[PDB]
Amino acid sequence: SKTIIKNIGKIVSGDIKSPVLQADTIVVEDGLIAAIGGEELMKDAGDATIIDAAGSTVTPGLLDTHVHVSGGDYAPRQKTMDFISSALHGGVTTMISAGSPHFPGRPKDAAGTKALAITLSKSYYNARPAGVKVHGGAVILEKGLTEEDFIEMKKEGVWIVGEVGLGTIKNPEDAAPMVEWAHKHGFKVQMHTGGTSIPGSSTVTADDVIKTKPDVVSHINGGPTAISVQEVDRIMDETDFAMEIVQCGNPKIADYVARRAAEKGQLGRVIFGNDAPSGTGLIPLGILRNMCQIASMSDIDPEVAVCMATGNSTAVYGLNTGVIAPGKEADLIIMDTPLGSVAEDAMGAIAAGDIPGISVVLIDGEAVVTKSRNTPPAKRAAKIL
């Protein structure tokens, strides 16, 4: 099966190292990006499906690196149905679970936290809600977990540790040994960073992070309560861990992180999540909002903001997507400046603070959205011929 997207005004690659591709044509074959170039690719198109981008912008499908899933497409935290479908219409094609703290009666012992992670991992792989690639089993560390539990979880398809600090495992002395077992058996590890619900140890320090050694510093701008700029500095300077900016966090610290990362050349490490469902709410346009806020308020190139939502995120998680390059999964968005925006194109809209209009979303090359029900309308909508 073959699909060609033609007449592309701008291709944003999602790769921070070279964020724009000098090409106007993308060929998709058997769910993968096959070729990127010019009109020469249209000869020998055969019976391909043709999508006319009508001069608009193609980006990778967005990742939300911080979703609190609990099974299927219902969110108990805010009593919301169909929230994953809604996020897809905001461009989100892959979701990473940050753990399931809202699972009703969440099992908090070692066997229970394990069984829940296994359940959610298998269930989301069995059924992609609205076609979204949900990596749904992110184990919450609890006292009593052994190395064999991590071996068992890996056997059953679990490969993510959810926010360290959500369970009974909180201080680095207890966390580090488990994080070590996790890493030894192929897990990616997240860590809650910011204000906590405990009057004793109310915040999370750089030393905590440094000693625990997560792959991802979760909500570095707070969830929603932020760590100090002093601790931000130490995390940025003393580690190479991913620095996750979340929509449901502190915008001042988000700006600080973005600006300092630009100063220090650390933008490749910045990844976007929602941290929702949460007390804040549920925001299907959350990742686009992150991109618009960072680009429009923190003086980051909109193409680089796209990388923060896409390739930066898949780089940390080791996924074969989030980047427009041959061999990568064909998860793609066709978007434009929205009607009435001062901006001439999608990247211009992002830089101006306007959420772009999404026309088409592909997952594995298949059209799963042909007009977003959530974004404002694209000025130039893609047409599937």
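Sequential numbering from 1, following the sequence displayed.
> Looking at the deposited entry, does 30 to 38 or 355 to 363 carry the larger mean Cα B-factor?
Per the PDB entry, the higher value belongs to 30 to 38.
> Return whichever of 188 to 196 and 274 to 282 has the greater mean Cα B factor according to the PDB record.
Comparing averages over the C-alpha atoms only gives 188 to 196.
> In the PDB entry, which of 287, 178, 130, 116 has its C-alpha at the highest B-factor?
Among 287, 178, 130, 116, the highest C-alpha B-factor in the entry belongs to 178.
> Just to confirm, going by the entry's C-alpha B-factors, which of 89, 213, 135, 122 comes out highest?
Result of the comparison over 89, 213, 135, 122: 213.
> Taking only the Cα B-factors deposited for this chain, tell me whether residue 305 sits in the lowest, middle or highest third.
For residue 305, whose C-alpha B-factor we compare with every modelled residue in the chain, the answer is the lowest third.
> Place residue 48 in the lowest, middle or highest third of its chain's C-alpha B-factors, as listed in the PDB entry.
For residue 48, whose C-alpha B-factor we compare with every modelled residue in the chain, the answer is the highest third.
> Is the Cα B-factor recorded for residue 375 in the lowest, middle or highest third of its chain?
Lowest third of the chain for residue 375's C-alpha B-factor.
> Would you please rank residue 311 by its C-alpha temperature factor against the other modelled residues of its chain and give the third it falls in: lowest, middle or highest?
Tercile = lowest for this residue's CA B-factor.
> Can you tell me which third, lowest, middle or highest, the CA B-factor of residue 218 falls into for its chain?
For residue 218, whose C-alpha B-factor we compare with every modelled residue in the chain, the answer is the middle third.
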